[PDB]
Amino acid sequence: XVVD
Amino acid sequence: XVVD
Amino acid sequence: XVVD
Amino acid sequence: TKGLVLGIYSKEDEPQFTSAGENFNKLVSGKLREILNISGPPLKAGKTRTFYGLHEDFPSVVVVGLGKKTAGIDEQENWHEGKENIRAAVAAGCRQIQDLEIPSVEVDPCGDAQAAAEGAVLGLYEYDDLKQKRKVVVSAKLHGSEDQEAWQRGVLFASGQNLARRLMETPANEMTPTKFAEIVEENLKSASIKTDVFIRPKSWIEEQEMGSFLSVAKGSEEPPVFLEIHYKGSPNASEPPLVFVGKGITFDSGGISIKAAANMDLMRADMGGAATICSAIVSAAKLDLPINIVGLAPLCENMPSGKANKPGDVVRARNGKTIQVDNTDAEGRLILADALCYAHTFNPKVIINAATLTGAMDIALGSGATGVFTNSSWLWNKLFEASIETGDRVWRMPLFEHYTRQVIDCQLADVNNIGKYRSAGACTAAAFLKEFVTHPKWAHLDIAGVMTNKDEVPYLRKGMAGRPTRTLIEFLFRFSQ
Amino acid sequence: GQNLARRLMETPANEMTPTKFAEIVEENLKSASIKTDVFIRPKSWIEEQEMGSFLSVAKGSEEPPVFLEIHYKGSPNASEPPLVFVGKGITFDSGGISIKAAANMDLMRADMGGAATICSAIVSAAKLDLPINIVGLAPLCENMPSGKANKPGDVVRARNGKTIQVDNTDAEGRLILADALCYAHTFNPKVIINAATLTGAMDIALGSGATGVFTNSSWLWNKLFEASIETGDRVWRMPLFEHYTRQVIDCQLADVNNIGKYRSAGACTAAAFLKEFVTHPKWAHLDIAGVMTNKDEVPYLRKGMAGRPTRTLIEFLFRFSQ
Amino acid sequence: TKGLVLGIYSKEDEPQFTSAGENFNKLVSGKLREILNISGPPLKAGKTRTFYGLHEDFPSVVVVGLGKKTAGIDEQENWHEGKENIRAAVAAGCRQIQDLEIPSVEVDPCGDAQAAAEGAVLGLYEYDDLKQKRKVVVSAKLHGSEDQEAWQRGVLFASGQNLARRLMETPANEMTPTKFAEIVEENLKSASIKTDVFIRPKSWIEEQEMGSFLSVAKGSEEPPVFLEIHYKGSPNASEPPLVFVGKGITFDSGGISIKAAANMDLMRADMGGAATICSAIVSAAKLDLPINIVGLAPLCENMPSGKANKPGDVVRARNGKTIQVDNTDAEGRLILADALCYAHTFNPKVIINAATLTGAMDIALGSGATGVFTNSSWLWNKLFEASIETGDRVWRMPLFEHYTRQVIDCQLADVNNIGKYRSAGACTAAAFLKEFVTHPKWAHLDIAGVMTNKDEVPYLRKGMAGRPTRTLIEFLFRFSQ
Ligand SMILES: [Zn+2]
Ligand SMILES: [Zn+2]
Ligand SMILES: [Zn+2]
Ligand SMILES: [Zn+2]
Ligand SMILES: [Zn+2]
Ligand SMILES: [Zn+2]
């Protein structure tokens, strides 16, 4: 998982 | 425009 | 309702 | 025609039915006992099982697990446990009849008709009015003729709570200051003609020098209302009253100290202090309790605008003290400063205010019991004992000078509306209110952790819980006897 | 046709208000053809039209709402059913009480980019004098915080009788479009195409490379997609599955909630909200929020409001008319 | 002895039973039809009703609503709707038998034994192993002898998925790189002896110059493993294989670009790319599909330490390109850079990688379909058509040069492991992988929005969903025929  |  |  | 909710306890030789259940089994010549045995593992408490076509009249019969027959006051939990067993069990049974789309149900009294009626009328409530997509409205009646006034005492207590849940759940654009006062007004007059309502306008509030309350209401174009209710229940009209005070913010956006978007819709229930105490006066009057009670509720919205309260402003309370309004989202404090000075006018025996005041009460106890700050252990004890009974628990919180201190050191003014720290958030806000109270029997109930139900109280569906309206009604009943 | 849209979008909202926007489109449509009619419908009309969901958004501001209605009568027979276009016209989106963060909220002057795009394409269809009938519908208001703005939790009634819980005041496009999309069925359309700078989630998604189109019509999908090959102003399909309807249909006080319980599929949930207000078989929702702006990505556009996808829309009408 | 799940469709004159249901009604001489009528409103799809003591052998009989008999491919939803009706209905029926604590159930084939077995084996799964407090393990069998290999094809497809759900759900301290490789290894050999497993150690990975994968694994003391699986299913051993690649981060904390505490426990499922593709190879081998398949999965943890990857570091991939590691929480990209270059070694027909890659895919489609980025519309079409069948939907996403660009402009290096913007988060990460792929038939399936189930897929309980393992198995089946 990076976030956004 | 809500954000996400 | 203040928060905490 | 209809449905039937039936109870059973946990084992003896055979788990035993309520005498209504035993009677019904005899009536269908042992068929209930037989189908229960065939259906498998016994029903533990709160759990349910439905049996079709056992009787021509009850084509759906729901058997509910009531747990131990002799369950009483639990020292650890501080409630009658049997009453709580029964509320959850006939709530679950009743919602099973409703999912069967059956419009009527006969409910087993379960040895305590009052707790049986509370589980069914509380457990079946929703607030359906604005959805065109609704559940069947079921009509719950007592299965029998024997214990009638206890069942109707339950219907009374639970409808007093469901009024509060409806006052709270309604979107703030429909439940404005005027609207709220008008629904309470009608609900109080239908309960008894020994009532008087005063839906006091802005001009009265101005005349009453309630500048702290007025400071909060100014940012909105929605008009403030100061609601004043009287129930004249004593034989002598000159008996000093019990006064109740409640926060009536119909929507709390925070104002200039604006709230975050996430879930600020629940702030439509920031008039839950005014809903709770007003529902209990309506129920005291319905119960026609032999006491005099005044209900006081400042009602306004807290909005941001070109005329809202600004952080740093100093406003004067009715009692002459100045408040520095450092945070605009500590508005309950302000509304209540003025309403609590006004309560001393009535020459009360007791002053009880309620309020969805701080999120810190929610972090604290928040959810399991409403916090009560009182300078009166007599009053603490009264509310606590009523709480055992209703099962709608109350827990004491400190009204120590240490907290007064954090609210008394103040740059421009006599009192600051928020403490320098995050620490003891509900005790500092309680300390602010005491600054406006000289009375010896005062309780502040901070209702913010019990504003909502999700799953915790079994007999309440998801949404505004209307807590603790029944502990309040029970308190008045016992106080009147 | 595209540069009109870029100018309608780029202009500071204090100059490009509801009245101003309707007045520039009005003149641009009449210069294109006298086979036109403009109706810059005031608040009293919108009130009479029971567009309570749109009115709920416009109330927080002192800037007056306008419901713009454009007609281009291009067919030989006046009784030919029209193609209708709908567009979000928020002239500035501050979020209202569910207020936006300061950083770069100036780009919200372009939250009327749904109304700019579709209105520019009607102006260009009329200039091209395409042999079709087209109605242009655009609710125009600002979304401001005030002592009378929409509050989180409020239930408002759409034209079609459904109630909306307004849980978040910054999901106002949904609301404005609930009412304008019910109104589009009045015209007895062949196609209903709405466009909108609707969600930041479309920007996280495709956001930038293609505008997302949610359609119950693969025929219509195919039409827009083929026009997109030509113009180079690309379009990409997104799911209009019941799963998303569900997250917007479970709602405490009301029939529909204006925001989903989760962050997940942010543009698909907002598309599911609009479908609740659409019975038509040929409907496309184009969420234009990731293509609102250009920096360097489209070589032939300088930095600023891109006016996308106005040419894919004009191409679609050309081919549809032939 | 046991329970029985029975189906019924929505009205004709009387809603009609499955022929198994009609048979059973005849068997109890119309008693099922009669008790259904007495019980009230008809069963819509997915809904359930339980009937006790209709037959000596089935003391609990659950009738499940199957919706319309003739429901087929829905153009709007892109799935077979009947298959989806049946999965949800016999999952709900089976969990009702389990709540009755009944250990065995006979399940109605419902006109599609494969979809009936998928609802029951998927719907009854939990991952119970570490709680001492468990539900009765029920044994689900087919009600009949007629359509047996379809029911067992369902058991196969659903157990292939439940392996993935168990590989994913297990806490990362038990499901480490070595542990994961060892469970897949045993599961692949039990499926067929036409298999070979290579649990390649750090020294091999080093020899293979997989510096981008090694850069991620170094911050942890847990050893990396490069898992290599072969299923030799073709008659000719020299047939070029289909290769699958999967991200195997056994826990993603982000490393030095550390993650927020809230719900970072779900990152134990960041090896869901390796779980999904490895479960499908295990199921292809169980199905003994006539194809050759290689399974490739880099397995490591991503931890912060005194030797972890630092933001800004440049590491060299197997293919010689340098990556600037600007964000340490974009590690899937890195692990996959090396595993995808390695896939070209096998001389594949197809390269399919899967990965819980970006939270942006979750914001996108996230939840309703897994995103597939492919340079091959032939391959897109294959996966999409398999998706209609399984009901575990797939949706295409852009593999445009525009996104390559945002990942190619890079200060120190050839590729940057994150784009300058938040925009198109899953398309930029797809653009990064294409930089490491020369093959003409490549699909990247970003599985991050379908990692978890809450309520959305009816026949899956709450927790790791193991999606899309069945669309992948279906794809291989059809590809082999
Ligand atoms: Zn990861
Ligand atoms: Zn907007
Ligand atoms: Zn408040
Ligand atoms: Zn407040
Ligand atoms: Zn907005
Ligand atoms: Zn990561």
# chains A, B, ... in the order shown; residues from 1 in each chain; ligands from 1

$ residues_near_ligand --ligand "ligand 4" --cutoff "6 Å" --atoms "only C-alpha atoms and all ligand atoms" --output "list in words"
residues 1 and 2 of chain C; 252, 254, 329, 330 and 331 of chain D

$ write_last_selection --atoms "C-alpha atoms" --output "PDB file, in the first residue's frame"
ATOM      1  CA  UNK C   1     -20.444  20.015  21.525  1.00  0.00           C
ATOM      2  CA  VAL C   2     -15.818  21.453  21.922  1.00  0.00           C
TER       3      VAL C   2
ATOM      4  CA  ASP D 252     -23.544  23.467  16.565  1.00  0.00           C
ATOM      5  CA  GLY D 254     -18.767  25.808  16.125  1.00  0.00           C
ATOM      6  CA  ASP D 329     -17.394  26.245  19.978  1.00  0.00           C
ATOM      7  CA  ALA D 330     -17.776  26.372  23.749  1.00  0.00           C
ATOM      8  CA  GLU D 331     -21.277  27.893  23.383  1.00  0.00           C
TER       9      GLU D 331
END

$ residues_near_ligand --ligand "ligand 6" --cutoff "10 Å" --atoms "only C-alpha atoms and all ligand atoms" --output "list in words"
residues 1, 2 and 3 of chain A; 216, 249, 251, 252, 253, 254, 255, 257, 258, 259, 267, 270, 302, 327, 328, 329, 330, 331, 332, 333, 356, 357, 358 and 359 of chain F

$ residues_around --residues "segment 390-393 of chain D" --least-positions-apart "4" --cutoff "12 Å" --atoms "only C-alpha atoms" --output "PDB file with N, CA and C atoms, in the first residue's frame"
ATOM      1  N   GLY D  72     -30.899  -9.889  39.494  1.00  0.00           N
ATOM      2  CA  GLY D  72     -31.308  -8.655  40.148  1.00  0.00           C
ATOM      3  C   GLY D  72     -30.210  -7.628  40.038  1.00  0.00           C
ATOM      4  N   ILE D  73     -30.122  -6.692  41.006  1.00  0.00           N
ATOM      5  CA  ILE D  73     -29.078  -5.677  41.034  1.00  0.00           C
ATOM      6  C   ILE D  73     -27.690  -6.326  41.078  1.00  0.00           C
ATOM      7  N   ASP D  74     -26.926  -5.906  40.083  1.00  0.00           N
ATOM      8  CA  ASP D  74     -25.542  -6.287  39.864  1.00  0.00           C
ATOM      9  C   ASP D  74     -24.667  -5.203  40.511  1.00  0.00           C
ATOM     10  N   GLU D  77     -22.168  -3.648  37.766  1.00  0.00           N
ATOM     11  CA  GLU D  77     -22.738  -2.946  36.647  1.00  0.00           C
ATOM     12  C   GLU D  77     -23.663  -1.812  37.021  1.00  0.00           C
ATOM     13  N   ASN D  78     -24.084  -1.863  38.288  1.00  0.00           N
ATOM     14  CA  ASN D  78     -24.993  -0.874  38.843  1.00  0.00           C
ATOM     15  C   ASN D  78     -26.326  -0.704  38.126  1.00  0.00           C
ATOM     16  N   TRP D  79     -26.983  -1.839  37.924  1.00  0.00           N
ATOM     17  CA  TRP D  79     -28.325  -1.782  37.377  1.00  0.00           C
ATOM     18  C   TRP D  79     -29.129  -2.989  37.803  1.00  0.00           C
ATOM     19  N   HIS D  80     -30.447  -2.996  37.619  1.00  0.00           N
ATOM     20  CA  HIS D  80     -31.180  -4.229  37.803  1.00  0.00           C
ATOM     21  C   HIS D  80     -30.825  -4.999  36.546  1.00  0.00           C
ATOM     22  N   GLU D  81     -30.318  -6.201  36.656  1.00  0.00           N
ATOM     23  CA  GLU D  81     -29.953  -6.930  35.464  1.00  0.00           C
ATOM     24  C   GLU D  81     -31.137  -7.600  34.757  1.00  0.00           C
ATOM     25  N   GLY D  82     -32.151  -8.042  35.503  1.00  0.00           N
ATOM     26  CA  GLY D  82     -33.316  -8.670  34.939  1.00  0.00           C
ATOM     27  C   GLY D  82     -34.059  -7.707  34.045  1.00  0.00           C
ATOM     28  N   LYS D  83     -34.284  -6.487  34.527  1.00  0.00           N
ATOM     29  CA  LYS D  83     -34.944  -5.440  33.754  1.00  0.00           C
ATOM     30  C   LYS D  83     -34.224  -5.187  32.436  1.00  0.00           C
ATOM     31  N   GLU D  84     -32.885  -5.117  32.494  1.00  0.00           N
ATOM     32  CA  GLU D  84     -32.040  -5.017  31.306  1.00  0.00           C
ATOM     33  C   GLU D  84     -32.086  -6.247  30.402  1.00  0.00           C
ATOM     34  N   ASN D  85     -32.282  -7.448  30.970  1.00  0.00           N
ATOM     35  CA  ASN D  85     -32.402  -8.673  30.188  1.00  0.00           C
ATOM     36  C   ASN D  85     -33.663  -8.683  29.321  1.00  0.00           C
ATOM     37  N   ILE D  86     -34.717  -8.188  29.968  1.00  0.00           N
ATOM     38  CA  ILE D  86     -36.057  -8.148  29.438  1.00  0.00           C
ATOM     39  C   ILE D  86     -36.133  -7.033  28.411  1.00  0.00           C
ATOM     40  N   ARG D  87     -35.513  -5.867  28.620  1.00  0.00           N
ATOM     41  CA  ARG D  87     -35.605  -4.809  27.618  1.00  0.00           C
ATOM     42  C   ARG D  87     -35.032  -5.213  26.266  1.00  0.00           C
ATOM     43  N   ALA D  88     -33.878  -5.883  26.329  1.00  0.00           N
ATOM     44  CA  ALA D  88     -33.145  -6.330  25.166  1.00  0.00           C
ATOM     45  C   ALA D  88     -33.837  -7.486  24.476  1.00  0.00           C
ATOM     46  N   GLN D 114     -43.436  -3.438  32.968  1.00  0.00           N
ATOM     47  CA  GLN D 114     -42.851  -2.128  32.717  1.00  0.00           C
ATOM     48  C   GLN D 114     -41.592  -2.254  31.876  1.00  0.00           C
ATOM     49  N   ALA D 115     -40.659  -3.140  32.282  1.00  0.00           N
ATOM     50  CA  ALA D 115     -39.480  -3.427  31.481  1.00  0.00           C
ATOM     51  C   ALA D 115     -39.837  -4.123  30.153  1.00  0.00           C
ATOM     52  N   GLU D 118     -40.950  -1.239  27.874  1.00  0.00           N
ATOM     53  CA  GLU D 118     -39.829  -0.362  27.537  1.00  0.00           C
ATOM     54  C   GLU D 118     -39.034  -1.019  26.420  1.00  0.00           C
ATOM     55  N   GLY D 119     -38.706  -2.325  26.444  1.00  0.00           N
ATOM     56  CA  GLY D 119     -37.974  -2.948  25.365  1.00  0.00           C
ATOM     57  C   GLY D 119     -38.708  -2.871  24.033  1.00  0.00           C
ATOM     58  N   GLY D 154     -44.491   1.579  31.397  1.00  0.00           N
ATOM     59  CA  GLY D 154     -43.405   1.332  30.476  1.00  0.00           C
ATOM     60  C   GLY D 154     -43.597   2.082  29.163  1.00  0.00           C
ATOM     61  N   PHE D 157     -42.818   5.818  29.893  1.00  0.00           N
ATOM     62  CA  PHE D 157     -41.392   6.051  30.109  1.00  0.00           C
ATOM     63  C   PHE D 157     -40.551   5.989  28.839  1.00  0.00           C
ATOM     64  N   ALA D 158     -40.843   4.964  28.037  1.00  0.00           N
ATOM     65  CA  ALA D 158     -40.268   4.788  26.731  1.00  0.00           C
ATOM     66  C   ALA D 158     -40.789   5.851  25.739  1.00  0.00           C
ATOM     67  N   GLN D 161     -38.956   8.990  26.193  1.00  0.00           N
ATOM     68  CA  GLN D 161     -37.603   8.913  25.683  1.00  0.00           C
ATOM     69  C   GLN D 161     -37.615   9.065  24.180  1.00  0.00           C
ATOM     70  N   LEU D 365     -16.026   8.643  29.928  1.00  0.00           N
ATOM     71  CA  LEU D 365     -16.957   7.581  30.297  1.00  0.00           C
ATOM     72  C   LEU D 365     -17.652   7.112  29.045  1.00  0.00           C
ATOM     73  N   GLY D 366     -17.916   8.237  28.374  1.00  0.00           N
ATOM     74  CA  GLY D 366     -18.498   8.410  27.073  1.00  0.00           C
ATOM     75  C   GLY D 366     -18.908   7.155  26.458  1.00  0.00           C
ATOM     76  N   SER D 367     -20.219   7.012  26.550  1.00  0.00           N
ATOM     77  CA  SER D 367     -21.019   5.922  26.038  1.00  0.00           C
ATOM     78  C   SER D 367     -21.681   5.103  27.114  1.00  0.00           C
ATOM     79  N   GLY D 368     -20.986   4.674  28.142  1.00  0.00           N
ATOM     80  CA  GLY D 368     -21.512   3.782  29.170  1.00  0.00           C
ATOM     81  C   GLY D 368     -22.380   4.434  30.238  1.00  0.00           C
ATOM     82  N   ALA D 369     -22.114   5.691  30.591  1.00  0.00           N
ATOM     83  CA  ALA D 369     -22.908   6.409  31.558  1.00  0.00           C
ATOM     84  C   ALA D 369     -22.827   7.917  31.301  1.00  0.00           C
ATOM     85  N   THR D 370     -23.866   8.716  31.643  1.00  0.00           N
ATOM     86  CA  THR D 370     -23.770  10.146  31.484  1.00  0.00           C
ATOM     87  C   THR D 370     -23.049  10.606  32.739  1.00  0.00           C
ATOM     88  N   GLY D 371     -22.212  11.651  32.599  1.00  0.00           N
ATOM     89  CA  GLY D 371     -21.447  12.177  33.717  1.00  0.00           C
ATOM     90  C   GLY D 371     -22.282  13.169  34.496  1.00  0.00           C
ATOM     91  N   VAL D 372     -22.298  13.068  35.820  1.00  0.00           N
ATOM     92  CA  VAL D 372     -23.000  14.039  36.629  1.00  0.00           C
ATOM     93  C   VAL D 372     -22.052  14.645  37.666  1.00  0.00           C
ATOM     94  N   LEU D 383     -30.197  10.395  41.758  1.00  0.00           N
ATOM     95  CA  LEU D 383     -30.014  10.108  40.332  1.00  0.00           C
ATOM     96  C   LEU D 383     -29.387   8.723  40.124  1.00  0.00           C
ATOM     97  N   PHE D 384     -28.334   8.402  40.876  1.00  0.00           N
ATOM     98  CA  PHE D 384     -27.709   7.098  40.824  1.00  0.00           C
ATOM     99  C   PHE D 384     -28.637   5.934  41.104  1.00  0.00           C
ATOM    100  N   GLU D 385     -29.548   6.074  42.083  1.00  0.00           N
ATOM    101  CA  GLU D 385     -30.501   5.008  42.455  1.00  0.00           C
ATOM    102  C   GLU D 385     -31.596   4.849  41.417  1.00  0.00           C
ATOM    103  N   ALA D 386     -32.105   5.955  40.888  1.00  0.00           N
ATOM    104  CA  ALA D 386     -33.001   5.925  39.756  1.00  0.00           C
ATOM    105  C   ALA D 386     -32.282   5.223  38.581  1.00  0.00           C
ATOM    106  N   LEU D 445     -25.562  17.404  34.200  1.00  0.00           N
ATOM    107  CA  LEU D 445     -25.408  16.108  33.564  1.00  0.00           C
ATOM    108  C   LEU D 445     -24.916  16.423  32.173  1.00  0.00           C
ATOM    109  N   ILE D 447     -24.289  15.008  28.828  1.00  0.00           N
ATOM    110  CA  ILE D 447     -24.880  13.972  27.989  1.00  0.00           C
ATOM    111  C   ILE D 447     -24.258  13.637  26.624  1.00  0.00           C
ATOM    112  N   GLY D 449     -21.438  11.891  25.592  1.00  0.00           N
ATOM    113  CA  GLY D 449     -21.111  10.502  25.281  1.00  0.00           C
ATOM    114  C   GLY D 449     -22.333   9.585  25.076  1.00  0.00           C
ATOM    115  N   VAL D 450     -23.540   9.994  25.508  1.00  0.00           N
ATOM    116  CA  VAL D 450     -24.762   9.181  25.380  1.00  0.00           C
ATOM    117  C   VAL D 450     -25.819   9.715  24.407  1.00  0.00           C
ATOM    118  N   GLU D 456     -24.683  -0.422  21.452  1.00  0.00           N
ATOM    119  CA  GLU D 456     -24.337  -0.665  22.839  1.00  0.00           C
ATOM    120  C   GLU D 456     -25.497  -0.943  23.745  1.00  0.00           C
ATOM    121  N   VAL D 457     -26.563  -0.179  23.620  1.00  0.00           N
ATOM    122  CA  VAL D 457     -27.784  -0.387  24.361  1.00  0.00           C
ATOM    123  C   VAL D 457     -28.631  -1.238  23.417  1.00  0.00           C
ATOM    124  N   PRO D 458     -28.837  -2.530  23.700  1.00  0.00           N
ATOM    125  CA  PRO D 458     -29.515  -3.461  22.825  1.00  0.00           C
ATOM    126  C   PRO D 458     -30.894  -3.045  22.332  1.00  0.00           C
ATOM    127  N   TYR D 459     -31.707  -2.490  23.227  1.00  0.00           N
ATOM    128  CA  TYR D 459     -33.058  -2.106  22.889  1.00  0.00           C
ATOM    129  C   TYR D 459     -33.234  -0.749  22.225  1.00  0.00           C
ATOM    130  N   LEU D 460     -32.158  -0.189  21.694  1.00  0.00           N
ATOM    131  CA  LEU D 460     -32.219   1.087  20.983  1.00  0.00           C
ATOM    132  C   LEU D 460     -31.608   0.815  19.614  1.00  0.00           C
ATOM    133  N   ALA D 465     -30.063   8.525  20.908  1.00  0.00           N
ATOM    134  CA  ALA D 465     -30.564   7.666  21.955  1.00  0.00           C
ATOM    135  C   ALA D 465     -31.561   8.305  22.908  1.00  0.00           C
ATOM    136  N   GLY D 466     -31.692   9.635  23.023  1.00  0.00           N
ATOM    137  CA  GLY D 466     -32.606  10.268  23.990  1.00  0.00           C
ATOM    138  C   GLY D 466     -32.289   9.974  25.455  1.00  0.00           C
ATOM    139  N   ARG D 467     -31.016   9.685  25.760  1.00  0.00           N
ATOM    140  CA  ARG D 467     -30.496   9.388  27.093  1.00  0.00           C
ATOM    141  C   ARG D 467     -30.137  10.652  27.882  1.00  0.00           C
ATOM    142  N   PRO D 468     -30.373  10.721  29.213  1.00  0.00           N
ATOM    143  CA  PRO D 468     -31.011   9.694  30.029  1.00  0.00           C
ATOM    144  C   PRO D 468     -32.463  10.003  30.432  1.00  0.00           C
ATOM    145  N   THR D 469     -33.415  10.277  29.507  1.00  0.00           N
ATOM    146  CA  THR D 469     -34.760  10.749  29.867  1.00  0.00           C
ATOM    147  C   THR D 469     -35.544   9.915  30.915  1.00  0.00           C
ATOM    148  N   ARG D 470     -35.451   8.589  30.887  1.00  0.00           N
ATOM    149  CA  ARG D 470     -36.095   7.723  31.853  1.00  0.00           C
ATOM    150  C   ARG D 470     -35.443   7.811  33.237  1.00  0.00           C
ATOM    151  N   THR D 471     -34.115   7.959  33.424  1.00  0.00           N
ATOM    152  CA  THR D 471     -33.519   8.081  34.763  1.00  0.00           C
ATOM    153  C   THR D 471     -34.025   9.349  35.448  1.00  0.00           C
ATOM    154  N   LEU D 472     -34.296  10.349  34.616  1.00  0.00           N
ATOM    155  CA  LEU D 472     -34.788  11.655  35.004  1.00  0.00           C
ATOM    156  C   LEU D 472     -36.244  11.564  35.440  1.00  0.00           C
ATOM    157  N   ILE D 473     -37.099  10.898  34.638  1.00  0.00           N
ATOM    158  CA  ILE D 473     -38.500  10.622  35.002  1.00  0.00           C
ATOM    159  C   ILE D 473     -38.540   9.801  36.299  1.00  0.00           C
ATOM    160  N   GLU D 474     -37.720   8.744  36.461  1.00  0.00           N
ATOM    161  CA  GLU D 474     -37.698   7.917  37.666  1.00  0.00           C
ATOM    162  C   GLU D 474     -37.327   8.674  38.940  1.00  0.00           C
ATOM    163  N   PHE D 475     -36.355   9.565  38.762  1.00  0.00           N
ATOM    164  CA  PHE D 475     -35.924  10.474  39.799  1.00  0.00           C
ATOM    165  C   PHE D 475     -37.077  11.334  40.289  1.00  0.00           C
TER     166      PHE D 475
END

$ select_by_dssp --residues "segment 36-259 of chain E" --states "strand (DSSP E)" --output "PyMOL selection string"
chain E and resi 36-41+66-73+83-87+89-93+133-143+154-157+163-166+191-196+211-215+235-237+256-257

$ residues_near_ligand --ligand "ligand 2" --cutoff "9 Å" --atoms "only C-alpha atoms and all ligand atoms" --output "compact mmCIF listing (two decimals) with N, CA and C atoms, in the first residue's frame"
# COMPACT_ATOMS: atom_id res chain seq x y z
N UNK B 1 -16.22 21.01 -6.83
CA UNK B 1 -15.45 20.10 -5.98
C UNK B 1 -15.55 18.97 -3.75
N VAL B 2 -16.02 17.80 -3.25
CA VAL B 2 -15.47 17.18 -2.10
C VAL B 2 -14.17 16.42 -2.40
N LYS E 88 -22.93 21.64 -14.04
CA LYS E 88 -22.78 22.24 -12.73
C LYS E 88 -22.24 23.66 -12.85
N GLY E 89 -22.94 24.60 -12.22
CA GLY E 89 -22.53 25.99 -12.28
C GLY E 89 -22.25 26.60 -10.92
N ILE E 90 -21.34 26.03 -10.12
CA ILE E 90 -21.04 26.65 -8.82
C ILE E 90 -20.01 27.73 -9.16
N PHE E 92 -18.33 29.76 -7.30
CA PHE E 92 -17.23 29.56 -6.39
C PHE E 92 -17.67 28.50 -5.36
N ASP E 93 -16.86 27.45 -5.16
CA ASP E 93 -17.11 26.43 -4.15
C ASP E 93 -16.16 26.60 -2.95
N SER E 94 -16.58 27.26 -1.87
CA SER E 94 -15.79 27.34 -0.64
C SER E 94 -16.08 26.14 0.25
N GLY E 95 -17.08 25.33 -0.11
CA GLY E 95 -17.49 24.21 0.69
C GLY E 95 -18.66 24.59 1.55
N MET E 108 -11.33 26.90 -7.19
CA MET E 108 -12.77 26.69 -7.11
C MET E 108 -13.62 27.70 -7.84
N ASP E 111 -15.39 25.90 -10.62
CA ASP E 111 -16.37 24.87 -10.29
C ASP E 111 -17.71 25.05 -11.03
N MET E 112 -17.75 26.05 -11.92
CA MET E 112 -18.81 26.20 -12.93
C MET E 112 -18.34 25.66 -14.29
N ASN E 143 -21.29 28.67 -3.36
CA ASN E 143 -21.50 27.88 -2.15
C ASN E 143 -20.69 28.48 -1.01
N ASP E 170 -20.08 20.43 1.19
CA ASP E 170 -19.14 20.50 0.07
C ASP E 170 -19.40 19.42 -0.97
N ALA E 171 -20.57 18.79 -0.88
CA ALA E 171 -21.02 17.88 -1.93
C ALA E 171 -22.29 18.54 -2.51
N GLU E 172 -22.10 19.75 -3.06
CA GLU E 172 -23.19 20.61 -3.53
C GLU E 172 -23.50 20.49 -4.99
N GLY E 173 -22.52 20.01 -5.73
CA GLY E 173 -22.74 19.76 -7.14
C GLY E 173 -23.84 18.74 -7.30
N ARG E 174 -23.77 17.68 -6.49
CA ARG E 174 -24.72 16.57 -6.43
C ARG E 174 -26.13 17.13 -6.34
N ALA E 196 -19.51 17.87 -14.93
CA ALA E 196 -19.28 18.51 -13.64
C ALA E 196 -17.93 18.30 -13.02
N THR E 197 -17.38 19.38 -12.44
CA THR E 197 -16.14 19.33 -11.65
C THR E 197 -16.62 18.85 -10.27
N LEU E 198 -16.95 17.56 -10.24
CA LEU E 198 -17.67 16.99 -9.11
C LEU E 198 -16.94 16.52 -7.87
N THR E 199 -15.85 15.75 -8.04
CA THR E 199 -15.16 15.16 -6.93
C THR E 199 -13.68 15.28 -7.18

$ atom_distance --atom1 "atom CA of residue 155 of chain D" --atom2 "atom CA of residue 22 of chain D"
25.0 Å

$ closest_atom_pairs --of "chain D" --to "chain F" --cutoff "9 Å" --atoms "only C-alpha atoms" --output "CSV"
residue,atom,partner,partner_atom,distance
D:35,CA,F:52,CA,6.7
D:36,CA,F:52,CA,8.7
D:38,CA,F:59,CA,6.2
D:39,CA,F:52,CA,6.0
D:40,CA,F:100,CA,6.7
D:41,CA,F:100,CA,7.1
D:50,CA,F:50,CA,8.1
D:51,CA,F:52,CA,7.5
D:52,CA,F:39,CA,6.0
D:53,CA,F:38,CA,6.2
D:59,CA,F:38,CA,6.2
D:60,CA,F:39,CA,6.6
D:100,CA,F:40,CA,6.7
D:101,CA,F:41,CA,7.3
D:102,CA,F:40,CA,8.1
